[PDB]
Amino acid sequence: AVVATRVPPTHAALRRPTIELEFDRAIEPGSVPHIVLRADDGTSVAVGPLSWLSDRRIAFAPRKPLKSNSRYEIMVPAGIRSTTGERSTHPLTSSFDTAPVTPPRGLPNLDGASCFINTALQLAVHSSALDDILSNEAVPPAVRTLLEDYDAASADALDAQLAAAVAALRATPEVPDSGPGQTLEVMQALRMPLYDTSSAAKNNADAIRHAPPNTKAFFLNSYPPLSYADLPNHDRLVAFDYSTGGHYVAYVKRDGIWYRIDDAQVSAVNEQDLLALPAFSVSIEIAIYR
Amino acid sequence: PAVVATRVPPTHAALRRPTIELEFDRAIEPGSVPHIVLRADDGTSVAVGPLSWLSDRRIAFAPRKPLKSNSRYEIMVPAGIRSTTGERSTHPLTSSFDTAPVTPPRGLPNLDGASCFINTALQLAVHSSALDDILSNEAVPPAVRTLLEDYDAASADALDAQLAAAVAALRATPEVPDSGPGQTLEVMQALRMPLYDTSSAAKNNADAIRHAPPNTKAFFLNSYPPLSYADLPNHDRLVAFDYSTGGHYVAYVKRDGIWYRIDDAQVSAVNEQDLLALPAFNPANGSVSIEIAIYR
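Per the deposited record, the coordinates in this entry were obtained by X-ray crystallography to a resolution of 3.15 Å.

See below:
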């Protein structure tokens, strides 16, 4: 017998959005300089031919795939001119994000003790390193497959891919071949870039604040333990694990909405709910920023 | 000169060019499956690119040209397949899939207070197999087409702006009330969505649905008696329908086999019991509850 599945290339779509810039005044088409998209790591993506939707609105697309779950700054050099001859003496700047706006998904736990694999995968998929995880061949292939088809897979196909991925993760050295484990083991199998706060600073918060540039994910192994409110730079906090005692859940933020994902249960949460999350066993162990 | 930036990921076209996969129950001999056939819900054959074997059990191919959106497609593996155990297939094998989203639906705010009908109709139209024909029709206001294309991939703020523009352009149309509450059918008339009046020839709504022309997907239920969820025929292909609670419209839409109730901006997942409990008409008024039903 045969089973048919459809895998739409929507992730790659998220990597080549169609950006649109609307201006306060009518702009002269030939004043528009070359627009550059720039990332938090310094890399610049070029912008394709400009299409004018109105005397004020222009539309373009990155020349090359942008990174996933990454923030990008649109830089319009100085020199644009209005239809009245005015000029912009300053580079104009805006921003956007290559992340999904739809709500997170739930990953089943058919093992009974696969909480930690699911939580770690939830934190990784919402991670700025998802593209970097997906390119490392040393990573089990099935995990990469689950992480690329995450948002766009039938639940049935997501469930089969998850079974195969859990199988391949337990097959690794770092991860238990059976039974429960730790989020850190799965992240190490994923080759996720983390910043141990023991390296460096004296506490977790100071290492997060006084960390090298472009450090997004932190592993909190210093003292004191932190709660949600203690996490620095809340404006960029996008994911973090929470440990309820032999059970891991994920807290992941999408399009300004926080969600709590316990295996296959996605439930939306507000900031006040999060602020009640205590720190005591470490509660928050991995904190992922954008 | 200041700027406002928006990001619209090309998710709609992505759904129209999927990569299809067939997994088999047993290891298959690579040379036993030489040609697979893709066919559309109208029977037309769609051309397919090279066949790729990802494993002894899994094959992967891709449409040559964009498929239609929110549309069903049937895959046939011809007879002659052979397993590694010598077995053979005396009959052509068949499966199916649809180019529709698996993501959960979105919510549309109602700042008007009486724009329930616009939101409900747009929700039904976006889950329609005729979405491509609506988006290509120049007679439909351009803001509405933009909203219907950016439905799944737009920021909540950007979707809200698009919705304001779409409601504005809709109320301006002849079909739709310039102000105040209204009816789903007026929005469908503006969108020019193909509808099949069951009052037209048939004796019941359901019998008109069953004995309808081929490839009739959207129905306007204007015969007697009114139908409940259970009375609607062919539940297996039902993907959307409206529900009217008395001057207030909600939508019921199915995605990846899961039904959702969208009351303006409130998306809530529902089970079969909730639907089977939905009444067919109000006792005092006598008003039809479900009037538009959309199939795949």
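Overview of the domain arrangement of chain B
Residues and elements named next belong to chain B. For chain B, the assigned domains are domain 1 (17-98) and domain 2 (116-295). Relative placement of domain 1 and domain 2: their C-alpha centres are 33 Å apart. Listed by partner, the interface residues are eight residues for domain 1 and nine residues for domain 2. Of the roughly 530 Å² buried at the junction of domain 1 and domain 2 (both faces included), carbon and sulfur atoms supply 30%. When the area that domain 1 buries against domain 2 is broken down by residue, the three leading residues are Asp41, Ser69 and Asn70, summing to 70%. Counting across the domain 1 and domain 2 interface gives one salt bridge. Measuring nitrogen to oxygen at the nearest pair gives 3.0 Å for the salt bridge that ties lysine 217 to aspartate 41. Here domain 1 and domain 2 share four residue pairs in polar contact between them.

Looking at the packing of aromatic side chains
Under the counting rule described, the total for this entry stands at 17 aromatic pairs over all chains. Note on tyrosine 195 of chain A and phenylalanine 218 of chain A: the rings are 5.5 Å apart at their centroids and 75° apart in plane angle, and the pair reads as edge-to-face. There is no split in this pair, since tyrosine 195 of chain A and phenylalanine 218 of chain A are both buried. Considering the side-chain rings of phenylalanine 219 of chain B and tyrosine 295 of chain B, the 5.8 Å spacing of their centres and the 85° angle between planes classify their relative orientation as edge-to-face. Here the residue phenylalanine 219 of chain B occupies a position in strand β10 (residues 218-220), and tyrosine 295 of chain B occupies one in strand β15 (residues 292-295), the gap between them amounting to 76 residues.

Focus: the nonpolar core
One broad trend across soluble globular proteins is that nonpolar side chains are buried collectively. Within the largest apolar cluster, 42 residues are counted, with the highest numbers of intra-cluster contacts made by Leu121, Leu147, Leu190 and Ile288 of chain A. Residue contributions to this core peak at seven residues, all from helix α2 (residues 115-125) of chain A. With sequence-adjacent residues up to four places away left out, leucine 190 of chain A is seen in contact with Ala120, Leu121, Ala124, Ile133, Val139, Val143 and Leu147 of chain A. Ranked by size, the runner-up nonpolar core spans 40 residues in total, among them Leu147, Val239, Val253 and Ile294 of chain B.

Notes on the side chain of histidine 126 of chain A
By the secondary structure assignment, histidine 126 of chain A is in the loop between α2 and α3 (130-135). Once residues lying within four places of it in the same chain are set aside, the contact partners of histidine 126 of chain A are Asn69, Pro104, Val238, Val252, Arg254, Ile288 and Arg290 of chain A.

Overview of the interface of chain B and chain A
On the side of chain A, 41 residues touch chain B, which itself brings 40 residues to the contact. Between chain B and chain A the total buried area reaches about 3200 Å² when both faces are included, carbon and sulfur atoms providing 60% of it. Of all residues in chain B, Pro1, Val3 and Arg7 of chain B bury the most surface against chain A, accounting for 22% of the area lost on that side. Counting every contact that joins chain B to chain A gives one salt bridge. Linking chain B with chain A are 14 residue pairs in polar contact, by the criterion used here. Within the residue set of the side of chain B that touches chain A, elements represented by two or more residues are β1 (3-8), α1 (11-15), β2 (19-24) and β8 (93-98) of chain B.

Things to note about the sheet that holds strand β13 (residues 257-262) of chain A
Hydrogen bonds between backbone atoms are what pair the strands of a sheet, whose relative direction is either parallel or antiparallel. Residues and elements named next belong to chain A. The strand order β9-β10-β15-β11-β12-β13-β14 describes an open sheet built from seven strands, whose pairing is mixed. This sheet does not close on itself; its edge strands, each paired only once, are β9 (195-196) and β14 (265-269). As paired strands, strand β11 (residues 237-243) and strand β12 (residues 248-254) are joined by five bridges and run antiparallel to one another. When the sheet's bridge partners are listed, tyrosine 242 is paired in β12 with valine 249. Its contacts with the sheet place α2 against β11, β12, β13 and β15 (286-289), and it is angled at close to 15° to β12. Sitting on the sheet, helix α6 (residues 183-190) touches β10 (217-219), β11, β12 and β15, and the angle it makes with β15 is about 45°.

Remarks on the domain arrangement of chain A
Residue and element names in this part refer to chain A. Partitioning chain A into structural domains gives domain 1 (10-97) and domain 2 (115-289). The C-alpha-based centres of domain 1 and domain 2 are spaced at 32 Å. Between domain 1 and domain 2, the residue contacts involve 10 residues of the former and 14 residues of the latter. For the pair domain 1 and domain 2, the summed buried area comes to about 810 Å², and 33% of that belongs to carbon and sulfur atoms. Summed over the three residues of domain 1 that lose the most area to domain 2, namely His11, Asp40 and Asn69, the buried surface amounts to 51% of that side. Linking domain 1 with domain 2 are three salt bridges. A salt bridge links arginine 15 to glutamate 148; the shortest N-O distance between them is 3.0 Å. Counting across the domain 1 and domain 2 interface gives seven residue pairs in polar contact.

Brief notes about helix α6 (residues 184-191) of chain B
Helical geometry note: an α-helix holds 3.6 residues per turn, so side chains three or four residues apart project in the same direction. Judged by how many residues are buried, α6 of chain B sits mostly within the fold: six of eight residues are covered. A positive phi of about 60° marks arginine 192 of chain B, the residue just after α6 of chain B.

Some remarks on the pattern of salt bridges
A full pass over the atoms with the stated rule returns 29 salt bridges over all chains. A salt bridge links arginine 16 of chain B to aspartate 132 of chain B, with the shortest nitrogen-to-oxygen separation between them at 3.4 Å. You can see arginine 16 of chain B sitting in the loop between α1 and β2 and its partner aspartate 132 of chain B sitting in helix α3 (residues 131-136), a full 116 residues away along the chain. Relative accessible area serves as the criterion here: at 24%, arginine 16 of chain B is assigned to the partly exposed category. The closest approach of N and O atoms between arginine 255 of chain B and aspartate 152 of chain B, which form a salt bridge, is 3.0 Å. Overall, the relative accessible area of 18% leaves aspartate 152 of chain B in the buried class. Several salt bridges share partner residues, and in doing so they unite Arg6 of chain A together with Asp98 and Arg296 of chain B into one network.

Reading the values: rules and limits
Residues numbered from 1 in each chain as written, not as in the entry; some residues may be left out. Chains lettered and ligands numbered in written order. Heavy atoms only, no water. Domains from an automatic or database assignment. Contact = heavy atoms within 4.5 Å. Buried area = accessible area lost by both parts, 1.4 Å probe. Salt bridge = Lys/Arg side-chain N within 4 Å of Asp/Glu carboxyl O. Polar contact = N/O pair within 3.5 Å; in protein donor to acceptor, adjacent residues only side chain to side chain. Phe/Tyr/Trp six-rings, centres within 6.5 Å; stacked < 30°, edge-to-face > 60°. Buried < 20%, exposed > 50% of the residue type's maximum accessible area, 1.4 Å probe, protein only. Helix = DSSP H or I, 4+ residues; strand = E, 2+ residues; numbered from the N terminus. Core = buried A, V, L, I, M, F, W, Y, C linked by side-chain atoms within 4.5 Å. Pairing = 2+ DSSP bridges. Axes fitted to C-alpha atoms, helices over the stretch in contact; angles between N-to-C directions.

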